[PDB]
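Peer 1: begin with these chain(s), straight out of the complex:
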Amino acid sequence: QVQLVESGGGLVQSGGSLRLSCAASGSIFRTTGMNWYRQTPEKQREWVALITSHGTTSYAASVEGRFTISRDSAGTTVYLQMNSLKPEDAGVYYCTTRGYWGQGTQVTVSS
């Protein structure tokens, strides 16, 4: 079994920045890919970004260029750098791997 902890959410102004983190048990992110999802008012569980076991990345169309997914130097923590934030980006962000899901972290964007 795998446990996951998202953090780094909060309340930020539109056009602002936020870096989310996901920790995962047993160093699993070093050898395993993962996904970020977000649940928004308009329909739940929208896919946001992936990073593979080797560090290759893919983003949803609406966050391309504004979001950057990466691993820390150790390879065991994943970051979602969210820049130029928009009201459509607010929601609970979940990290997942191997069918396991964290409890999520809230992102609210005020104008």
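Peer 2: Received the coordinates, thanks. Numbers count the residues shown, from 1 in each chain, chains lettered A, B, ... in the order given.

Peer 1: ok, for the residue in chain A sticking out farthest from the centre, nearest residue in space, not its chain neighbours?
Peer 2: Relative to the C-alpha centroid of chain A, counting by C-alpha atoms, centre = their mean, residue A:111 is the outermost residue, at 22.2 Å. Closest residue in space to residue A:111, ignoring its immediate chain neighbours: residue A:14 at 5.1 Å, by C-beta to C-beta, 6 or more residues apart in numbering. Any C-beta I mention is one placed from the backbone N, CA and C, and that applies to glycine too.

Peer 1: now do the contacts for that neighbour.
Peer 2: A:85-87, A:109-111 (C-beta atoms under 8 Å, 6 or more residues apart in numbering).

Peer 1: among those residues, name the buried ones.
Peer 2: Neighbour-count burial (16 or more other C-beta atoms under 10 Å) applied to those gives A:85, A:109.

Peer 1: what sits against the residue most central in space within chain A?
Peer 2: With distances taken as C-alpha atoms, centre = their mean, residue A:36 lies nearest the centre of chain A, 4.2 Å away. Residue A:36 makes contacts with A:20, A:22, A:47-50, A:69, A:80, A:93-96, as judged by C-beta under 8 Å, 6+ apart.

Peer 1: ok, now chain B:
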Amino acid sequence: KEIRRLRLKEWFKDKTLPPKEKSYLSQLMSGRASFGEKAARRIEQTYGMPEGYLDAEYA
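Peer 2: Below is chain B, added to the chains above:
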């Protein structure tokens, strides 16, 4: 196993394909490349799919 092909397409249906992998994944999704047991297990590890996801039948 044609189930691996369908499951692979299903996984990426709500996502976008990484450019470095777009070519290799598309061969699997279209039937051009072979889709064996070890390849399916490695693909699940690469993207963090649940173990055995690509071999799980549909109802």
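
Peer 1: let's see the contacts of residue A:14 again after adding chain B.
Peer 2: Shown in contact with residue A:14 (C-beta atoms under 8 Å, 6 or more residues apart in numbering or on different chains): A:85-87, A:109-111.

Peer 1: my read is that the residue farthest from the centre of chain A contacts residue A:87, right?
Peer 2: Yes: between residue A:111 and residue A:87 there is a contact under C-beta atoms under 8 Å: 6.6 Å.

Peer 1: the residue nearest the centre of chain B: helix or strand, and which one exactly?
Peer 2: Residue closest to the average C-alpha location in chain B (C-alpha atoms, centre = their mean): residue B:8, at 3.0 Å. Applying DSSP states H and E as the criterion places residue B:8 in helix B:2-12.

Peer 1: packing partners for that helix?
Peer 2: Here helix B:2-12 touches helix B:19-30, helix B:37-47, going by 3 or more C-beta pairs under 8 Å, 6 or more residues apart in numbering or on different chains; DSSP states H and E.

Peer 1: what angle separates the first one from helix B:37-47?
Peer 2: Same thing as helix B:19-30. Orientation note: helix B:19-30 sits at an angle of 140 degrees relative to helix B:37-47 (axes from the mean of the first three to the mean of the last three C-alpha atoms, to 10 degrees).

Peer 1: perfect, that will be all.
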